[PDB]
Amino acid sequence: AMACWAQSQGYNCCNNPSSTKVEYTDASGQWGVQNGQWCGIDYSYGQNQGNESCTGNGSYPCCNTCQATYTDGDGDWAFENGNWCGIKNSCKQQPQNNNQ
């Protein structure tokens, strides 16, 4: 739960980026104030694969398949049910933190 692109510059990650209010947006990315703290909106800043959210939630619907035929600046992406959906947050890494 710490892989935001905003930190690369100095800022901090915004917890629950899949439900953060982005009152700012430019050529640097999406930013918003969460819990009273500045932080970029990274839906894929290194979360769990438990399936808490999915990709493409900023425009299209979820896919549900772990086959990302294409990846963009917002993560991975797939095409199922005849619709451009985003790869699930679970379809990224099995060993999500839990190291056997």
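Final position of the sequence shown in the authors' numbering is 100; the numbers increase by one with none missing. From the three backbone atoms N, C-alpha and C, an ideal C-beta is built for every residue, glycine too.
I'd like to confirm the pairing. Which residues does DSSP put opposite residue i in its beta bridges?
i: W77; result: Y70 and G86
i: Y24; result: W31
Below 9 angstroms between beta carbons: does that hold for residue i and residue j?
i: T20; j: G36; result: no
i: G56; j: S90; result: no
First and last residue of the beta strand (DSSP E) that includes residue i?
i: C13; result: Unbroken run through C13: none, as it is neither H nor E.
i: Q34; result: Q30 to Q34
Might you give, ordered along the chain, the residues of its own chain that have their beta carbon closer than 6 angstroms to the beta carbon of residue i, omitting 5 neighbours on each side?
i: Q93; result: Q49
i: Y60; result: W84 and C85
Decide if residue i is buried, meaning its Cβ has at least 16 other Cβ atoms within 10 Å, or exposed.
i: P95; result: exposed
i: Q9; result: exposed
i: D26; result: exposed
i: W77; result: buried
i: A6; result: buried
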